[PDB]
């Protein structure tokens, strides 16, 4: 479906955006503004989708969007942001709170993107843990580890963005891509 590399397509999309921003036509100018914002937003929504594919948080997550690297299991890379693997997910049961951290490839994105941490949405004999958690008075609060990460990221010297159900994310990506196609048409119409 795609003939060129991700890097080539990223540059060609910015080239088209620049053509719209230089147009005398107001519709091409506003189309270029929205296209630039949606180009960025669709990359974040693709990462937000990717965290729903994580199974074992200590293993790779399949299908990381092109041009991004998952550093969630790289202690040295995480240290740069004051993070470690342990703080990225809950540990009493199947994770309810789960975050993944991704670094953009500068060969693809230049300086357009930042490292991004993405929070996943919150979600009989095998349910013995949940029984144990209830009798032990466990708080079981998604917000605790999320707030803790927010507090930590405010101290990061290196820039890092925050992003992030699975069906709703997919539909969101559809709506963004639809908007992109419409703005590309408007821009091409004014050449």
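Positions refer to the first chain, counted from 1.
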property: Count class of coordinate-free deposited residues lying between the neighbours residue 123 and residue 124; result: 4 to 9
property: Residues of the deposited sequence that sit between residue 165 and residue 164 yet are not modelled; result: 10 or more
property: Stretch exceeding the other in mean C-alpha B-factor - 88 to 96, 114 to 122; result: 114 to 122
property: Between 13 to 21 and 171 to 179 (mean CA B-factor, as deposited), the higher; result: 171 to 179
property: Member of 137, 150, 62, 57 with the greatest C-alpha B factor (per the PDB record); result: 62
property: Out of 32, 157, 129, 146, highest CA B-factor residue; result: 157
property: Residue 77 - which third its CA temperature factor falls in, relative to the rest of the chain; result: middle
